[PDB]
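Q: My questions will all concern the structure given below.
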Amino acid sequence: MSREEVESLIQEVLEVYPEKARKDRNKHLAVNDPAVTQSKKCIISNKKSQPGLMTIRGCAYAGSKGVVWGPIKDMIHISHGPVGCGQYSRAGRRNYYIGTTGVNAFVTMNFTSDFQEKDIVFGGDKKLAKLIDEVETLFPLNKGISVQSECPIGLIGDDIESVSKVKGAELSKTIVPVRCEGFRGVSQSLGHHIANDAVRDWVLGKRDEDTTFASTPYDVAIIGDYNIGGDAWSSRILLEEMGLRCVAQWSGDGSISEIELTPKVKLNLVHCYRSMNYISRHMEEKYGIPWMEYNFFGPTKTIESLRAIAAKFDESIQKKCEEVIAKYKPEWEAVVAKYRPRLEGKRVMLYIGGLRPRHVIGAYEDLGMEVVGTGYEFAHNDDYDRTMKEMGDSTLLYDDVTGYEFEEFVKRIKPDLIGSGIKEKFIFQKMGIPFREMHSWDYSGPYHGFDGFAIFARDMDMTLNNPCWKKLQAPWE
Amino acid sequence: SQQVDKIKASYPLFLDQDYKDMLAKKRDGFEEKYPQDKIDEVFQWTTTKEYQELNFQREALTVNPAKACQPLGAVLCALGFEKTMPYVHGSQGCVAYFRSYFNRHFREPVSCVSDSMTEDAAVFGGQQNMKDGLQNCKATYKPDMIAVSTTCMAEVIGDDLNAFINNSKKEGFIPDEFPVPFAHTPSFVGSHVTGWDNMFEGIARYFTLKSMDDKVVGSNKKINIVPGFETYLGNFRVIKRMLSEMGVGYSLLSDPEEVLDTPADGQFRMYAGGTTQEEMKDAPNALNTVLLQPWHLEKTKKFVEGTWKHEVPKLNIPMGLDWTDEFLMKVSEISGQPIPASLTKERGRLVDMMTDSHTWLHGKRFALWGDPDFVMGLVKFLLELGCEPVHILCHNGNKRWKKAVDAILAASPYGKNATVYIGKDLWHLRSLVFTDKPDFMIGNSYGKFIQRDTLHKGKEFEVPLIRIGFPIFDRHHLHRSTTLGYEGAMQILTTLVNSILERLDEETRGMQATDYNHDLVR
Amino acid sequence: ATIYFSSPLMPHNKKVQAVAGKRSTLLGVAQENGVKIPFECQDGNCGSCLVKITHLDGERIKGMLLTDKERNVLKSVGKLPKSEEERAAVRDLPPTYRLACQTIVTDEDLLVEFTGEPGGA
Amino acid sequence: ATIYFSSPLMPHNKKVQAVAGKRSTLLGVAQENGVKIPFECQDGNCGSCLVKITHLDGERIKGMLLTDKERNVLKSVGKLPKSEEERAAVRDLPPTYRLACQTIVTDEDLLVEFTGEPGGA
Ligand code: ICS
Ligand code: CLF
Ligand code: FES
Ligand code: FES
Ligand SMILES: [Ca+2]
């Protein structure tokens, strides 16, 4: 389709909206022009959501507790407030870890204060202290406590910073109050910012005056990789076959000690720019640690990122990088040779949170699949600046798409595959259009590195070419 | 490394030697993990009887709850009606979590909208959010009704829903005749089952409060059925099939079975089936109203008795043999229709099934948890089978329900070692199953970790989990099962006896060690 | 959080201890502690409670949401330059000029300066 | 004492904990904490370390001696109006502009602002 058909489709979709909502939504939709570098000329982003339009965004609590603070395993994460917020986000995210759950690891456990009506009226600052005492009593091997605020906490005026300071002074334990109320932000992105601020202000600077760690010129830290389905692991090995020593992971399969040891490294490899650029910039400003963005989706991007990371170091690291690339070359070549003929020419439409709508494009390109449309839920203008150089000409772009907009776009464009979250999976699976969960990898993976590319290709082939998509139309109709 | 012909996912790829070495290096160098001996000592300490005493003294800490917030049930009740859009007045994360929860449980699309309230709405209220959301929702998705619930933000702020909706209709955002029922569902009062009650009570008020003058009890010769918070489509289908066989004229209020199960035929249907507004308006003209789950439909019972003047019969949930018989007899008494032969034969088949499998169920010890009505029905059915529900738990339970369950237990020899707990979470149940080991567990998917905790101590201490309840995430299409009436009793009996036989087969499969008991006929 | 209220009207700057994230929006704090910031509206569309907020910690500045109401009021008053609007929109960082009726206190040390005059002038 | 160093040169204001009454005279504190105030003399007769000090506590301002050397240097630079000189002479209260190499830290919260330029301009 050309730029003329796409704009007509955009206007036809927006015709049903009320005039104010129509004007607001016209700014968030655009047709990609790769020659444009300043996305603000085309797409507005990080704006509020129009009420009643069934958006797909989340809350700051999801961005902070669900995304950033959650994967930390050695800490205990209290969900201060009613039961629902903590209950719905429990173990819904596949941030893998290694530990004995309930003894030294607590990722898939729901700790909450369970506010009743007597706590909304009379406050909950004493309940929090009693809860901290009980947590210390029953879980002695925890290495810290993080109190994530839910919506009522800010509204009723509860002072959790004071409680955190007092109980940290008493128990000599790291207690981090996070003000990640759901109403504070328009989406999960402000949750990322709040969680990074809490990390910076309460955890990161503990070992500023400690020099007992044996630093090496090859120390690196993986930032913004939350180990979905093991993703971070598949990356970490690829960074240790080149001789680099990964000191910390943020935050999938991460521990409170790696976070404190992070300022003792020589380079920060940031995978998710959106959720961790806030702390990467702080570390660069304070400790002088440089940081760079790498992409491990697909063989091409992985090779380019490894070559760049090696170029950040001396000649031995570059030789090891070339050795690793040569070693892994036949493995991904076989996967491409097997699966590309089956997935050649297919058209994909993506809609994911803030990083993957542009990161996984390289993986689909390596299989001969064309992304005819991509968009984000809570990405800023930077993200679209990076995206416009990734998408082809005349491809659709959307921001904070609604159910109606996405459904109409899919019906007209008719993509061969759709990649989005659980809340859209069955909507497009009832339309006879194959769907892949690009958040949790559809309970598969990992997809990072050369080991994850085979799984990626296998999943895409098994979903697009499944024989279940030819049976929707009844033979007697 | 990956092989193009044998590709391994996260399991068992990370069991390779290189990944093991990498993880070991990570743990040794940077994690600063406690020594394995300390971890093993602490884990054994958690399984002792001393740890249970500390655990049950918890007063401010809740670990692994077994309940949700009211607006979840409110959203389900709103989905129960025809062309009804659930609209939650509050922040937008709540709606996303509700939709994710219901999609993961039912594996079907769930449609709900929000006002996307933010920091400006926290300071100046959310009236403009209400107006714009109502207008946008009516214009875009075109519902015949918008059912408004509230999060805990709107309740703490103190947003007056009635005032906001009235000011929205008079301003011209929505037509004055457009039905917009509302309900106040604070997430810090009760649980998800209470939200269903509040939403249904609000809808019934909106549709019947202003027109009770010309309503005569018995005009349409029908019976109203209020299911409650039900997460099994089979229960909705059986509660209608039994009445259809019985010949009774019935009107199922809040029926979401159709929208939560739609065909995959190339088109997406946002709305399907559901109770029509005519049925809600005509509800007061029914002979009587029956509440299938009376322990969370108390406010609805108050509204029906006080306003509709229907004398709601005091019935228990149709789970088991005796309570299903009581339900059928009460329905026959109310409608005057004799019980047909197609249900006596079904009852006889259920009794035959009970008699065939009594030698395996007798003396088995079960620990259960869930919703009050479901838990009490399951306890009654277990007592009817000769099983011992040693541990009974209900996080969202009250003391009257506990007293009723104790009365049920005392009326049977098998309810002798049973202990009912209210306000306790799943960590209390883990402590209970470690010290007083049952033979199985009956609950939702959250009980799997508890089983994993029991296996770590040892194979001889493992407590298998039987998945009956809500939510069930790690199994596919179990939401199509049935738990009400005779068919539900048959399915539950089959599941229990087959789980027992499967565990027995697993324990006796080691050749030349325990396989002497590996009987072909079991 | 420590808030230092400064103004030509005030004989001395006032140091106030406040609870972060309360629904009271630094006006409530000012009214509790007797600081007289001109508040002349109840919806949020005037500029009277305009103040200048300086983050004294610098390395402890928290991320915040600049609501479209506050942004429009600041632009109507003329205390939101294009650069600060872009910074708030992209990097979630607060601007220098805020509205004391819509500013939620964060866990940091802040210096709030007002002239005892409406926002416009 | 808590001292907040602010300057256009500094990317962010810096919060520093300091010991009151030390012989180091808030230059020593700046040099310890990396704050770059222009100090270009060793006797005290230049104006380079000119700073503007704001007492954030207001009700905790301490009495101090304005030495004739510092007073003469401030008057030579032009940051000592007659009213502030009279106030310092009579009521022992510090002026708004000080010399960072002759200013002894007191037990209060202070905001020190410099332009990275000599005192005169
Ligand atoms: S953190 Fe973010 S929505 Fe960067 S909130 Fe979301 S595990 Fe997405 S596109 Mo779920 S900015 Fe991570 C994300 Fe991307 S939870 Fe995961 S898949 S790379
Ligand atoms: S934005 Fe929570 S789900 Fe809600 S009605 Fe309250 S218990 Fe239930 Fe975010 S912090 Fe949470 S998830 Fe929402 S409430 Fe707010
Ligand atoms: S007083 Fe009207 S804007 Fe704050
Ligand atoms: S540096 Fe010369 S006056 Fe202080
Ligand atoms: Ca389905």
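All of the numbers you see were taken from the coordinates with simple rules; none came from a lab. With ideal geometry, Cβ positions are generated from the backbone for all residues, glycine too; neighbour counts draw on all protein chains shown.
Q: Residue by residue, what Karplus-based ³J(HN,Hα) values in Hz, rounded to whole numbers, does segment B:379-385 have, using 6.51, -1.76 and 1.60 with θ = phi - 60° and x for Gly and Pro?
A: 5, 4, 5, 4, 5, 5, 8
Q: Taking all pairs of distinct Cα atoms, average 1/r, flip it, and tell me the Kirkwood hydrodynamic radius of segment B:99-207 in Å to one decimal place.
A: On the way: mean 1/r = 0.0672 Å⁻¹.
It works out to 14.9 Å.
Q: How crowded by other chains is A:92-103, given as the mean number of beta carbons from other chains within 10 Å of each beta carbon?
A: Working: counts 5, 0, 1, 0, 2, 0, 7, 4, 9, 4, 12, 12.
Counting other chains' Cβ atoms within 10 Å and averaging over A:92-103 gives 5.
Q: Using a 10 Å cut-off around each Cβ, can you sort A:312, B:6, B:67 from fewest to most neighbouring Cβ atoms?
A: B:6, A:312, B:67
Q: Moving to a separate point now. Of the peptides D:29-41, A:194-206, how do they stack up when ordered by the mean number of other Cβ atoms within 10 Å, highest first?
A: A:194-206, D:29-41
Q: Would you please give the residues with an amide H less than 5 Å from that of residue A:435, counting only those at least 5 places away or on a separate chain, with H modeled from the backbone geometry?
A: A:418
Q: Output the antiparallel fraction of DSSP beta bridges having both residues in chain A, as a percent to the nearest 5.
A: 10
Q: Mind listing which GluC sites (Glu not before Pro) in segment B:1-67 are in a DSSP loop and have 15 or fewer other Cβ atoms within 10 Å? Don't skip to the answer; put the middle values down first.
A: Working: sites: B:31, B:32, B:41, B:50, B:53, B:59; in loops: B:32, B:59.
Those satisfying the criteria are B:32, B:59.
Q: With a cap of 15 neighbouring Cβ atoms within 10 Å, and only residues DSSP puts in a loop, list the trypsin sites (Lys or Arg not before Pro) found in segment B:384-454.
A: B:416
Q: On to the next question. In segment B:2-103, which chymotrypsin sites (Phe, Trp or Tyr not before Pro) are in a loop and have at most 16 other Cβ atoms within 10 Å, using DSSP for the loop call? If you can, show how the numbers build up before the last one.
A: Numbers: sites: B:14, B:19, B:30, B:43, B:45, B:51, B:56, B:81, B:87, B:97, B:98, B:101, B:102; in loops: B:14, B:56.
Answer in residue order: B:56.
Q: Within 10 Å, count the other beta carbons around each residue, average over each peptide in C:46-57, B:465-476, and list them highest first.
A: Working: C:46-57: 21.2, B:465-476: 18.2.
Top to bottom by mean Cβ count within 10 Å: C:46-57, B:465-476.
Q: Quick one: which of B:354-360, C:2-8 comes out on top by average Cβ neighbours within 10 Å, and what's the full order, highest first?
A: The packing order, highest mean first, is C:2-8, B:354-360.
Q: If you average the alpha carbon positions of segment D:79-121 and of segment B:18-59, how far apart do those two centres end up, in angstrom?
A: What the calculation gives is 59 Å, centre to centre.
Q: For chain A, what size does the Cα cloud have along each of its three principal axes, sorted from largest down, in whole Å?
A: Extents along the principal axes: 69, 60, 46 Å.
Q: Which whole-number percent is the relative contact order of chain C (Cα, under 8 Å, 6+ apart)?
A: Rounded, it is 43 percent for chain C.
Q: Using a 7 Å offset from the Cα along the Cα-to-Cβ direction at both residue B:315 and residue A:47, what is the distance between the two label points in nm, to one decimal?
A: 5.4
Q: Let me ask something additional. Which FRET efficiency value, to the nearest 0.05, do you get for residue A:8 and residue B:3 by plugging their Cβ-Cβ distance into 1/(1 + (r/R0)^6) with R0 = 60 Å?
A: FRET efficiency, residue A:8 to residue B:3: 0.80.
Q: Provide A:278, B:421 in ascending order of the number of other Cβ atoms located within 10 Å of each residue's Cβ, fewest first.
A: Least to most surrounded, the residues fall as B:421, A:278.
Q: Could I ask something else about it? Need one value for B:154-161: mean number of C-beta atoms belonging to other chains within 10 Å of its residues' C-beta atoms.
A: On the way: counts 2, 6, 9, 5, 1, 0, 0, 0.
Going residue by residue through B:154-161 and averaging, the value is 3.
Q: Further, regarding this structure: Residue B:88's amide H: which non-local residues (gap 5+, or another chain) put their own amide H closer than 5 Å, with H modeled 1.01 Å from N in plane and none for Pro or chain starts?
A: B:113, B:114, B:115, B:149
Q: Still on this model: Quick one: if the Förster radius is 22 Å, what FRET efficiency do residue C:33 and residue D:12 give, using the C-beta to C-beta distance and rounding to 0.05?
A: Computed FRET efficiency for residue C:33 and residue D:12: 0.25.
Q: Another question about this same structure. Of B:289, B:497, B:151, which is farthest on the positive side of the dipole of chain B, counting Cα position, with +1 on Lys and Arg Cβ, -1 on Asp and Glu Cβ, and the Cα centre as origin?
A: B:289
Q: Let me ask another. For the pairs A:286/D:22; A:338/A:411; A:411/B:83, note any where the Cα-Cα span goes beyond 25 Å.
A: Over 25 Å apart, Cα to Cα: A:286/D:22; A:338/A:411.
Q: Now for a separate question. Taking the beta-carbon count within 10 Å as an exposure proxy, list B:34, A:447 from fewest neighbours to most.
A: B:34, A:447
Q: Just how large is the dipole of segment A:320-477 about the Cα centre, in debye to the nearest 20, putting +1 at every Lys and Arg Cβ and -1 at every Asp and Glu Cβ?
A: Details: 22 positive and 27 negative charges, 129 e Å.
Charge dipole, segment A:320-477, about its Cα centre: 620 debye, nearest 20.
Q: Determine which residues of segment D:95-121 fall in the zone a paramagnetic label at residue D:42 would reach in this model, i.e. backbone nitrogen under 18 Å from the point 7 Å along Cα→Cβ.
A: Flagged as within label range: D:101-102.
Q: A further question on this structure: Would you kindly derive the ³J(HN,Hα) couplings of segment B:59-70 from the backbone phi angles with the Karplus curve 6.51 cos²θ - 1.76 cosθ + 1.60 (θ = phi - 60°), listing them in order in whole Hz, with x for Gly and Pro?
A: Result, ordered by residue: 10, 10, 9, 10, 10, 6, x, 10, 7, 10, 8, 4 Hz.
Q: Measure up A:423/B:299; A:23/C:69; A:65/A:206; B:33/D:14; B:20/B:457; A:312/B:26 against 29 Å on the Cα-Cα distance and list the ones that go over.
A: A:423/B:299; B:33/D:14
Q: Related question: Give the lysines reachable from residue B:345 as a straight Cα distance under 23 Å; neighbours fewer than 8 places away on the same chain don't count.
A: B:240, B:330, B:380
Q: Moving to a separate point now. Hey, what do the phi angles of segment B:446-461 turn into as Karplus ³J(HN,Hα) couplings, whole Hz, using 6.51/-1.76/1.60 and θ = phi - 60°, x for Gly and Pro?
A: Result, rounded to whole Hz: 5, x, 5, 4, 3, 4, 4, 5, 6, 5, 4, 4, x, 4, 5, 10.
Q: Right, next: Note down the relative contact order for segment A:60-202 as a percent, whole number, built from C-alpha pairs under 8 angstrom at least six residues apart.
A: 36 percent.
Q: Which one of A:378, A:156, A:350 is farthest out on the positive end of the charge dipole of chain A, using unit charges on Cβ (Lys, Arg +1; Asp, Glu -1) and the Cα centre as origin?
A: The residue sitting most towards the positive pole is A:350.
Q: Taking the Cα centre of segment A:60-202 as origin, work out the dipole magnitude from +1 charges on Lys and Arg Cβ and -1 charges on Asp and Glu Cβ, in debye rounded to 20.
A: 460
Q: Return the average number of partner chain Cβ atoms within 10 angstrom of each residue Cβ along peptide B:28-39. Intermediate results must be reported in sequence, preceding the final value.
A: On the way: counts 0, 6, 13, 14, 8, 11, 7, 0, 2, 0, 4, 6.
For peptide B:28-39, the averaged partner shielding equals 6.
Q: Using a 7 Å offset from the Cα along the Cα-to-Cβ direction at both residue A:411 and residue B:407, what is the distance between the two label points in nm, to one decimal?
A: About 5.5 nm, to one decimal.
Q: Going by Cα centres, segment B:105-133 and segment A:86-150 are how many Å apart?
A: 27
Q: Return the FRET efficiency for the residue pair residue B:144, residue B:219: r is the Cβ-Cβ distance, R0 is 25 Å, and the value is rounded to the nearest 0.05.
A: Calculated transfer efficiency: 0.55.
Q: Next question, about the same structure. Quick check on my link table: of C:79/D:62; A:48/A:264; A:301/B:25, which ones sit more than 30 Å apart, alpha carbon to alpha carbon?
A: Correct reply: C:79/D:62; A:48/A:264.
Q: Which value, in debye to the nearest 20, gives the size of the charge dipole of the protein assembly as shown about its Cα centre, when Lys and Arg are +1 and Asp and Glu are -1 at the Cβ?
A: Details: 154 positive and 169 negative charges, 89 e Å.
Approximately 420 debye in magnitude.
Q: P(r) tail for segment C:1-118, what percent of Cα pairs lie past 22 Å?
A: That tail contains 28 percent of the Cα-Cα pairs.
Q: Here is a follow-up. Under 5 Å between amide hydrogens, which residues at least 5 positions from residue A:250 or on another chain qualify, with H placed 1.01 Å from N in the peptide plane?
A: A:222, A:223, A:224, A:225
Q: Dividing the convex hull volume of the Cα atoms of chain B by its residue count, what figure in Å³ per residue is obtained?
A: In chain B, the Cα hull volume divided by residue count equals 214 Å³.
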